[PDB]
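Asks: I'm passing along run01.pdb; it holds PDB, C-alpha atoms.
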ATOM      1  CA  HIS W   1       7.727  14.437 -12.626  1.00  0.00           C
ATOM      2  CA  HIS W   2       5.335  11.482 -12.315  1.00  0.00           C
ATOM      3  CA  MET W   3       5.606  10.843 -16.075  1.00  0.00           C
ATOM      4  CA  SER W   4       9.389  10.395 -15.876  1.00  0.00           C
ATOM      5  CA  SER W   5      10.671   6.815 -15.948  1.00  0.00           C
ATOM      6  CA  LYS W   6      13.923   5.086 -15.048  1.00  0.00           C
ATOM      7  CA  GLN W   7      15.685   2.048 -16.493  1.00  0.00           C
ATOM      8  CA  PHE W   8      16.474  -0.904 -14.210  1.00  0.00           C
ATOM      9  CA  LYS W   9      18.119  -4.294 -14.629  1.00  0.00           C
ATOM     10  CA  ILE W  10      16.133  -7.025 -12.838  1.00  0.00           C
ATOM     11  CA  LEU W  11      16.605 -10.778 -12.570  1.00  0.00           C
ATOM     12  CA  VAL W  12      13.724 -12.656 -14.233  1.00  0.00           C
ATOM     13  CA  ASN W  13      12.274 -15.854 -12.779  1.00  0.00           C
ATOM     14  CA  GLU W  14      10.324 -18.141 -15.117  1.00  0.00           C
ATOM     15  CA  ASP W  15      11.512 -21.426 -13.649  1.00  0.00           C
ATOM     16  CA  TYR W  16      11.615 -21.499  -9.843  1.00  0.00           C
ATOM     17  CA  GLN W  17       8.894 -21.869  -7.237  1.00  0.00           C
ATOM     18  CA  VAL W  18       9.444 -18.943  -4.890  1.00  0.00           C
ATOM     19  CA  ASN W  19       8.081 -18.216  -1.417  1.00  0.00           C
ATOM     20  CA  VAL W  20       7.972 -14.449  -1.015  1.00  0.00           C
ATOM     21  CA  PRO W  21       6.724 -11.844   1.452  1.00  0.00           C
ATOM     22  CA  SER W  22       3.436 -10.054   0.857  1.00  0.00           C
ATOM     23  CA  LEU W  23       2.695  -6.906   2.798  1.00  0.00           C
ATOM     24  CA  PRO W  24       0.013  -4.343   3.665  1.00  0.00           C
ATOM     25  CA  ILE W  25      -0.546  -1.910   0.829  1.00  0.00           C
ATOM     26  CA  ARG W  26       1.241   0.993   2.538  1.00  0.00           C
ATOM     27  CA  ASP W  27       4.364  -1.083   3.103  1.00  0.00           C
ATOM     28  CA  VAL W  28       4.430  -2.053  -0.586  1.00  0.00           C
ATOM     29  CA  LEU W  29       4.017   1.589  -1.614  1.00  0.00           C
ATOM     30  CA  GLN W  30       7.128   2.291   0.496  1.00  0.00           C
ATOM     31  CA  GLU W  31       9.095  -0.604  -1.022  1.00  0.00           C
ATOM     32  CA  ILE W  32       8.235   0.682  -4.514  1.00  0.00           C
ATOM     33  CA  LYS W  33       9.559   4.134  -3.656  1.00  0.00           C
ATOM     34  CA  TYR W  34      12.638   2.558  -2.074  1.00  0.00           C
ATOM     35  CA  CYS W  35      13.350   0.373  -5.115  1.00  0.00           C
ATOM     36  CA  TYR W  36      12.692   3.203  -7.555  1.00  0.00           C
ATOM     37  CA  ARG W  37      15.497   5.208  -5.912  1.00  0.00           C
ATOM     38  CA  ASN W  38      17.988   2.410  -5.195  1.00  0.00           C
ATOM     39  CA  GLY W  39      17.326  -0.400  -7.666  1.00  0.00           C
ATOM     40  CA  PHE W  40      15.972  -3.905  -7.319  1.00  0.00           C
ATOM     41  CA  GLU W  41      18.803  -5.884  -5.745  1.00  0.00           C
ATOM     42  CA  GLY W  42      17.172  -8.841  -3.975  1.00  0.00           C
ATOM     43  CA  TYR W  43      14.012  -8.872  -6.158  1.00  0.00           C
ATOM     44  CA  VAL W  44      13.071 -10.919  -9.221  1.00  0.00           C
ATOM     45  CA  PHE W  45      10.492 -10.268 -11.926  1.00  0.00           C
ATOM     46  CA  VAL W  46       7.974 -13.094 -12.338  1.00  0.00           C
ATOM     47  CA  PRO W  47       6.006 -12.803 -15.619  1.00  0.00           C
ATOM     48  CA  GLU W  48       2.229 -12.914 -15.246  1.00  0.00           C
ATOM     49  CA  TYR W  49       2.020 -16.232 -17.061  1.00  0.00           C
ATOM     50  CA  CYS W  50       4.304 -17.771 -14.394  1.00  0.00           C
ATOM     51  CA  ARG W  51       2.273 -16.393 -11.501  1.00  0.00           C
ATOM     52  CA  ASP W  52       1.610 -19.887 -10.113  1.00  0.00           C
ATOM     53  CA  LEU W  53       5.328 -20.033  -9.176  1.00  0.00           C
ATOM     54  CA  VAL W  54       4.748 -17.482  -6.428  1.00  0.00           C
ATOM     55  CA  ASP W  55       3.532 -18.352  -2.943  1.00  0.00           C
ATOM     56  CA  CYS W  56       3.102 -16.238   0.185  1.00  0.00           C
ATOM     57  CA  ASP W  57       1.544 -16.569   3.628  1.00  0.00           C
ATOM     58  CA  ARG W  58      -1.268 -14.027   3.090  1.00  0.00           C
ATOM     59  CA  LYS W  59      -3.011 -14.114  -0.301  1.00  0.00           C
ATOM     60  CA  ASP W  60      -4.924 -10.963   0.686  1.00  0.00           C
ATOM     61  CA  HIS W  61      -1.702  -8.929   1.013  1.00  0.00           C
ATOM     62  CA  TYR W  62       0.228  -7.121  -1.685  1.00  0.00           C
ATOM     63  CA  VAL W  63       3.328  -7.487  -3.850  1.00  0.00           C
ATOM     64  CA  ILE W  64       4.789  -5.149  -6.458  1.00  0.00           C
ATOM     65  CA  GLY W  65       2.810  -5.232  -9.704  1.00  0.00           C
ATOM     66  CA  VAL W  66       4.147  -4.238 -13.148  1.00  0.00           C
ATOM     67  CA  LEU W  67       1.390  -2.750 -15.319  1.00  0.00           C
ATOM     68  CA  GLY W  68       1.592  -1.761 -18.985  1.00  0.00           C
ATOM     69  CA  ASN W  69       4.013  -2.590 -21.766  1.00  0.00           C
ATOM     70  CA  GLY W  70       6.958  -0.468 -22.796  1.00  0.00           C
ATOM     71  CA  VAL W  71       7.202   1.889 -19.832  1.00  0.00           C
ATOM     72  CA  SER W  72       5.378   0.094 -17.010  1.00  0.00           C
ATOM     73  CA  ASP W  73       3.789   1.522 -13.877  1.00  0.00           C
ATOM     74  CA  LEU W  74       4.735   0.092 -10.482  1.00  0.00           C
ATOM     75  CA  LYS W  75       1.671  -0.519  -8.257  1.00  0.00           C
ATOM     76  CA  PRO W  76       0.807  -2.775  -5.282  1.00  0.00           C
ATOM     77  CA  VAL W  77      -1.291  -5.703  -6.475  1.00  0.00           C
ATOM     78  CA  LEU W  78      -2.577  -9.018  -5.174  1.00  0.00           C
ATOM     79  CA  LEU W  79      -1.227 -12.199  -6.783  1.00  0.00           C
ATOM     80  CA  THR W  80      -4.772 -12.799  -8.110  1.00  0.00           C
ATOM     81  CA  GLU W  81      -4.798  -9.376  -9.896  1.00  0.00           C
ATOM     82  CA  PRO W  82      -7.003  -9.957 -12.969  1.00  0.00           C
ATOM     83  CA  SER W  83      -6.033  -6.858 -15.009  1.00  0.00           C
ATOM     84  CA  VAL W  84      -5.111  -7.497 -18.630  1.00  0.00           C
ATOM     85  CA  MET W  85      -2.332  -4.879 -18.361  1.00  0.00           C
ATOM     86  CA  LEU W  86      -0.480  -6.922 -15.716  1.00  0.00           C
ATOM     87  CA  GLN W  87       3.000  -7.826 -17.006  1.00  0.00           C
ATOM     88  CA  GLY W  88       4.084  -9.638 -13.850  1.00  0.00           C
ATOM     89  CA  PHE W  89       5.246  -9.164 -10.272  1.00  0.00           C
ATOM     90  CA  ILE W  90       8.487  -8.020  -8.681  1.00  0.00           C
ATOM     91  CA  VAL W  91       8.957 -10.072  -5.517  1.00  0.00           C
ATOM     92  CA  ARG W  92      11.724 -10.385  -2.949  1.00  0.00           C
ATOM     93  CA  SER W  93      13.719 -13.482  -3.903  1.00  0.00           C
ATOM     94  CA  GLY W  94      17.045 -14.486  -5.423  1.00  0.00           C
ATOM     95  CA  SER W  95      15.889 -17.350  -7.647  1.00  0.00           C
ATOM     96  CA  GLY W  96      15.981 -16.542 -11.360  1.00  0.00           C
ATOM     97  CA  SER W  97      17.787 -16.938 -14.671  1.00  0.00           C
ATOM     98  CA  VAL W  98      18.453 -13.896 -16.921  1.00  0.00           C
ATOM     99  CA  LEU W  99      18.906 -10.185 -16.236  1.00  0.00           C
ATOM    100  CA  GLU W 100      16.489  -8.005 -18.207  1.00  0.00           C
ATOM    101  CA  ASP W 101      16.038  -4.270 -18.732  1.00  0.00           C
ATOM    102  CA  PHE W 102      12.820  -2.628 -17.533  1.00  0.00           C
ATOM    103  CA  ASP W 103      11.576   0.940 -18.018  1.00  0.00           C
ATOM    104  CA  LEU W 104       9.444   1.765 -15.017  1.00  0.00           C
ATOM    105  CA  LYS W 105       7.706   4.562 -13.162  1.00  0.00           C
ATOM    106  CA  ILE W 106       5.620   4.754  -9.989  1.00  0.00           C
ATOM    107  CA  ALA W 107       1.836   4.560 -10.437  1.00  0.00           C
TER     108      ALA W 107
END
If you convert what's in this file into structure tokens, what do you get?

Replies:
Amino acid sequence: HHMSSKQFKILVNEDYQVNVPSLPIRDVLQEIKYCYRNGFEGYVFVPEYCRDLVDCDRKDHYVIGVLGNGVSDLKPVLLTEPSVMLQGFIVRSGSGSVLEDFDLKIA
């Protein structure tokens, strides 16, 4: 069911400048489905207020966005995503500090 969520532990990055891949929207949709089944090993969560830490080659390509508080939806977004519901981004990197629990579903 699309309303059903899962709990995941993800490394959080508030401190480190990270260079990450950004991808066409259909590839990010596939990564979201992949991570929803198998977990987020190799990704970090970057809170929206730290978004300047994140760099990529193509600013017009997508990363995983985390939208809503409590149980968040996973959706491909651009790093410039203006939505007020944006909690942050999950990006492929290993730089981070603390492990946090997230309740997530696919948009």

Asks: List the residues selected by the PyMOL selection byres ((chain W and resi 15) around 9) in the file shown, writing them as an MDAnalysis selection string.

Replies: chainID W and resid 13:14 16:17 50 53 95:97

Asks: Calculate how many Å separate atom CA of residue 61 of chain W from atom CA of residue 24 of chain W, rounding to one decimal.

Replies: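 The value is 5.6 Å.
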
Asks: Go through the shown structure with the PyMOL selection byres ((chain W and resi 58) around 12) and write out the matching residues as a ChimeraX atom specification.

Replies: /W:19-24,54-57,59-63,78-80

Asks: Mind dumping the selected residues with C-alpha atoms as a PDB file, in the coordinates of the input?

Replies:
ATOM      1  CA  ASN W  19       8.081 -18.216  -1.417  1.00  0.00           C
ATOM      2  CA  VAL W  20       7.972 -14.449  -1.015  1.00  0.00           C
ATOM      3  CA  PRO W  21       6.724 -11.844   1.452  1.00  0.00           C
ATOM      4  CA  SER W  22       3.436 -10.054   0.857  1.00  0.00           C
ATOM      5  CA  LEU W  23       2.695  -6.906   2.798  1.00  0.00           C
ATOM      6  CA  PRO W  24       0.013  -4.343   3.665  1.00  0.00           C
ATOM      7  CA  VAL W  54       4.748 -17.482  -6.428  1.00  0.00           C
ATOM      8  CA  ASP W  55       3.532 -18.352  -2.943  1.00  0.00           C
ATOM      9  CA  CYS W  56       3.102 -16.238   0.185  1.00  0.00           C
ATOM     10  CA  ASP W  57       1.544 -16.569   3.628  1.00  0.00           C
ATOM     11  CA  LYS W  59      -3.011 -14.114  -0.301  1.00  0.00           C
ATOM     12  CA  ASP W  60      -4.924 -10.963   0.686  1.00  0.00           C
ATOM     13  CA  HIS W  61      -1.702  -8.929   1.013  1.00  0.00           C
ATOM     14  CA  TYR W  62       0.228  -7.121  -1.685  1.00  0.00           C
ATOM     15  CA  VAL W  63       3.328  -7.487  -3.850  1.00  0.00           C
ATOM     16  CA  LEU W  78      -2.577  -9.018  -5.174  1.00  0.00           C
ATOM     17  CA  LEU W  79      -1.227 -12.199  -6.783  1.00  0.00           C
ATOM     18  CA  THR W  80      -4.772 -12.799  -8.110  1.00  0.00           C
TER      19      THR W  80
END

Asks: May I have the protein, DNA and RNA residues with an atom at most 6 Å from (17.9, -9.7, -9.9), counting all atoms listed in the file in the file's coordinates, returned as a list in words?

Replies: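 All residues meeting the 6 Å criterion around (17.9, -9.7, -9.9) are residues 10, 11, 41, 43 and 44 of chain W.
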
Asks: Between W:90, W:25, W:18, W:3, which is the closest to residue 106 of chain W once you count all atoms listed in the file?

Replies: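 So, comparing all the options, the nearest one is W:3.
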
Asks: Return as number ranges by chain the set of residues that the PyMOL selection byres ((chain W and resi 107) around 7) yields on the displayed structure.

Replies: W: 73-75, 105-106

Asks: Please measure the separation of atom CA of residue 94 of chain W and atom CA of residue 42 of chain W, giving the value in Å to one decimal.

Replies: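 Distance reported for this atom pair: 5.8 Å.
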
Asks: At what distance in Å, to one decimal, does atom CA of residue 83 of chain W lie from atom CA of residue 34 of chain W?

Replies: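 For atom CA of residue 34 of chain W relative to atom CA of residue 83 of chain W, the distance reads 24.6 Å.
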
Asks: From the list W:77, W:5, W:70, W:29, which residue is nearest residue 89 of chain W when using all atoms listed in the file?

Replies: W:77

Asks: Rank nothing, just name the residue among W:66, W:71, W:104, W:46 nearest to residue 91 of chain W, using all atoms listed in the file.

Replies: W:46

Asks: Around all of segment 44-62 of chain W's listed atoms, make the axis-aligned box with 4 Å on each side and tell me centre and edge lengths in Å to one decimal, as AutoDock Vina command-line options.

Replies:
--center_x 4.1 --center_y -13.6 --center_z -6.7 --size_x 26.0 --size_y 20.9 --size_z 28.7

Asks: Please tell me which residues are no farther than 8 Å from (16.7, -6.9, -16.8) in the file, counting only C-alpha atoms, and write them as a CSV table (one decimal) with C-alpha atoms, in the frame of the given file.

Replies:
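What follows is the written file selection-v9.csv:
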chain,number,residue,atom,x,y,z
W,8,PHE,CA,16.5,-0.9,-14.2
W,9,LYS,CA,18.1,-4.3,-14.6
W,10,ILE,CA,16.1,-7.0,-12.8
W,11,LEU,CA,16.6,-10.8,-12.6
W,12,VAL,CA,13.7,-12.7,-14.2
W,98,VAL,CA,18.5,-13.9,-16.9
W,99,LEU,CA,18.9,-10.2,-16.2
W,100,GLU,CA,16.5,-8.0,-18.2
W,101,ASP,CA,16.0,-4.3,-18.7
W,102,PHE,CA,12.8,-2.6,-17.5
